[PDB]
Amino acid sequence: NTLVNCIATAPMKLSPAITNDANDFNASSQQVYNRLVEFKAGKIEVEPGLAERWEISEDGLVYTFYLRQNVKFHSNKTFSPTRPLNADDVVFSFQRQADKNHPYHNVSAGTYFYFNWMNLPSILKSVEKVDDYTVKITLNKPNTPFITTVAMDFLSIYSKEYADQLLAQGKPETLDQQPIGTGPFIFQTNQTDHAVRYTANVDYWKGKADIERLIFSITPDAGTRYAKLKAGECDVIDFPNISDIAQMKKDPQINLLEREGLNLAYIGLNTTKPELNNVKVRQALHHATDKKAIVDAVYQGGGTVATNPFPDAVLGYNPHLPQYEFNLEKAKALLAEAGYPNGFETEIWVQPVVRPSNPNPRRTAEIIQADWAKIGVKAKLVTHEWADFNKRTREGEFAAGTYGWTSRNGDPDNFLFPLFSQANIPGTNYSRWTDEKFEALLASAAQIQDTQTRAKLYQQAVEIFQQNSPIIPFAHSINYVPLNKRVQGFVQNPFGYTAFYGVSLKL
């Protein structure tokens, strides 16, 4: 049994702690490593990983992880472990990142993109060994999403024994280039070009994987990946051309899996601009945003109309959030009501660098421009280079624009706080909107543990946001995993990653 995974580009880094491109994770953390807790398959909730169990103190400040016993690291021709995983390995993995003086902190000229993106420098107070099987993590303030952060790829647990050996041997770089973990697959040290090869770990604590060998074959052309998948020369492909999706849905040889991405494409509105400061005007522009047309024209099937600022996989989703239905007549009337019988002139900043959240900002902008014009809003499309687009948006120069956001941990806090907190102006809160009650709900919700209590708080916060319409959500992208019919037991991951543990091959 050999699964062939055909990927578009060669993975740059085989070390999750120092990876920028989330696609590298599929070649390392996803097969070779484990985390303290792991996301349940297909879900955003966590379950025990290298921690067999954990406790959180009353105040939400202290996380205590009790480590699974008799977990072995892999070996290669350079390294054979003499002890099982313990707290030293966990402390090493966190501290390499958090402690600038740590001996491995600059190994590989490494940059801890995710540690910083998830705000651990400010959230994390300390990571301490209590005993060999107990790790105590203390936060600077309570943060419920932290438990899900711990399950993210960048917090994969490395072997300190291996790291100690390599430092002693004068080649610490090897830690990042020849990965050793506790995970379900072992990185084959003998490697060829245009491919990454793995073998099943017989000693894996969850039980040995069904598939004995994994080949990641670099196959740069989308059309070729598709062709080979039909041919059974690939079992899985990535970055399928959207043009091919419709026919893939008809192909007997293909099992096309799909689900909404944890992202949002929206029209941002600068609520400090004279006309856009007016809530009724914003509601009017919202009524004059043809979301179905946009999704239809722009995503060519690979997207869904957004009703909430996050998809229904996210905690707090509200299936009956009131909508500003597309109605130009109502839009123009609202504009008159707001004191603008002849509308006004404005700008729509077009995003110049395509992202998965929105594969065609230019066409998005054009559709909106045409409808807005019909209600007397004359919006010129404005082009900028990537860096300018971003910097002058953060600084509040824009009026309207085509923007997107992707959540990395999938928690409602990691949509609503970045987008709408006062603290993120100037910053990720492009619209500059704030509301005292809304901000209090976000803080309470981020600092409360109970799931259903959080969900109600988020639903309340989102209703306030919706009433004020500071941005106009229009789409979530759809992620696709095209599989050959032979592969069984693969579960699509909300974050987009591909894990092959638990997967089996027919025929």
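Residue indices: 1-based, along the sequence shown.
Higher mean CA B-factor, judged across 491-499 and 15-23 from the recorded values: 15-23. Between 57-65 and 466-474, it is 57-65 that carries the larger average Cα temperature factor according to the deposited entry. Take 84, 268, 261, 145 and read off each C-alpha B-factor from the entry; 84 has the highest. Residues shown: 151, 354, 294, 137. Highest C-alpha temperature factor in the entry: 354. Residue 41: CA B factor lies in the highest third for its chain, per the PDB record. Per-chain ranking of the deposited C-alpha B factor places residue 451 in the middle third.
Residue 248: CA B factor in the highest third of modelled residues in this chain (values from the PDB entry). In the PDB entry, a CA B factor belonging to the highest third of its chain's modelled residues is recorded for residue 344. Placement of the Cα temperature factor of residue 76 within the chain: highest third of the modelled residues, per the deposited record.
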